[PDB]
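Undergrad: Provided hereafter are the protein sequence and its experimental coordinates.
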There are 2 protein chains.
Amino acid sequence: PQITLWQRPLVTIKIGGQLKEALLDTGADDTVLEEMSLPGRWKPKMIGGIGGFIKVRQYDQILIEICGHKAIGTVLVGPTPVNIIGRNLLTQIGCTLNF
Amino acid sequence: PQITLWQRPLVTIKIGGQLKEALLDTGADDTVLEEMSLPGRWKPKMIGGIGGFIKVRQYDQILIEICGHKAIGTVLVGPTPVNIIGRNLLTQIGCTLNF
Ligand SMILES: COC(=O)N[C@H](C(=O)NN(CC[C@@](O)(Cc1ccccc1)C(=O)N[C@H]1c2ccccc2C[C@H]1O)Cc1ccc(-c2ccccn2)cc1)C(C)(C)C
C-alpha cells in the first residue's frame, strides 16, 4: 500500500495475541510499545527522543504482524506516549520512503 | 528517490543558505531544528516526544530545501537531539510510505 502523510501513518498491528494501533515511524531506530506482557527474557534499555530518555524492557525475537505483513524482531516495552513501529521492523515488511 | 530504512533516513537540507543534515521522520508532526538563527518574529510552542516535552520557537513561512526539493513552511527551533523533518514538510515534497 501507499500511505500518504497528511495524517499520522497509523496502522493496526498484531502482537502477543493482541491487536494494537501503532505509528509507522521512520525516525525511530527501534519499536517501542506501551506497557504489555511479552514472552521470554528481557534486558533493560534507555532510549532517547525529544524530551529525553525513558527506561524500557527489551524483548528479542518477537513475532509481530504489521498491516498484514509478518516479521520478527526486537520490541521494547515501556512508558512511551504512543505505540511506535521503528526501522528495525519497517525494513522487514519492505517499507520505504518515496518522493 | 526511494529510501530504504536499514540506516537512518538522513538527508541534506538547505536553510538560511546553509547545509545541514536532517532526519526524514514520518512519526513527527512538525519539523524541529537544533538551535540556529531565523528571520522574523516567532511564537511559542510545546512539543512532546518519548522523553517528555520541550519548548521551541516557531517560525512560519520559512524557505527550506530538502534533498533538493523546495518547501516553505513552519520550522521549529529548540533543544532537539537531532534535526527532524516532520510531516508538515514531508507532505510538501510529496513523500509517502510504501510497502
Ligand atoms: C505529536 O507529537 C509528535 O509528532 N512529536 C514528534 C515526536 O517526538 N515523534 N516521535 C519520534 C521522534 C524521534 O524519531 C526523533 C529522534 C530521532 C533520533 C534521535 C533522537 C530523536 C525519536 O524520538 N526517535 C527515537 C525513538 C523512538 C521510539 C523508539 C526508539 C527510539 C530511539 C530514537 O530513534 C514519536 C512520538 C509521537 C508522539 C508523541 C506524543 C507525546 C505526547 C503526547 C502525545 N504524543 C511522542 C513520540 C516531535 C519530533 C516532537 C515533533
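TA: Perfect, I can see it now. Numbers count the residues shown, from 1 in each chain, chains lettered A, B, ... in the order given.
Undergrad: so residue A:88 is in which element?
TA: Following DSSP states H and E, one finds residue A:88 within helix A:87-90.
Undergrad: what does residue A:39 give?
TA: With DSSP H and E as criterion, residue A:39 is part of no helix or strand.
Undergrad: ok, it touching residue A:60?
TA: No - Residue A:39 lies out of contact with residue A:60 (C-beta atoms under 8 Å); the separation is 10.9 Å. Every residue, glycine included, has its C-beta placed from N, CA and C.
Undergrad: of these two, who's got more company?
TA: With neighbours defined as other C-beta atoms under 10 Å in any protein chain shown, residue A:39 and residue A:60 compare such that residue A:60 has more, 13 against 10.
Undergrad: Around the nearest residue to that one once chain neighbours are set aside, how many other residues sit close by?
TA: Nearest non-adjacent residue to residue A:60, counting by C-beta to C-beta, 6 or more residues apart in numbering or on different chains: residue A:74, 4.9 Å away. Number of residues near residue A:74 (other C-beta under 10 Å) recorded here: 16.
Undergrad: how about the helix holding residue A:88, does it get close to chain B?
TA: Yes - applying C-beta under 8 Å from any C-beta of the partner chain, one finds helix A:87-90 touching chain B at A:87, A:90.
Undergrad: what residues does whatever helix or strand residue A:73 lives in touch?
TA: Assigned by DSSP H and E, residue A:73 falls within strand A:69-77. By C-beta atoms under 8 Å, 6 or more residues apart in numbering or on different chains, the residues outside strand A:69-77 that reach it are A:15, A:30-36, A:38, A:42, A:45, A:47, A:56-65, A:88-89, A:92-94, B:99.
Undergrad: so who does residue A:28 touch?
TA: Going by C-beta under 8 Å, 6+ apart, the list of residues near residue A:28 reads A:49, A:84, A:85, A:86, A:87, B:27.
Undergrad: Surely residue A:33 touches residue A:20?
TA: Yes - counting by C-beta under 8 Å, residue A:33 touches residue A:20, with 6.9 Å between them.
Undergrad: I'd like to know how many residues surround residue A:35.
TA: 10.
Undergrad: Double-check it against residue A:83; I have them as touching.
TA: No - with contacts defined as C-beta under 8 Å, residue A:35 does not count as touching residue A:83, sitting 10.7 Å away.
Undergrad: picking that back up, between the contacts of residue A:28, which has the most around it?
TA: Going by other C-beta under 10 Å, residue A:85 tops the contacts of residue A:28 with 30 neighbours.
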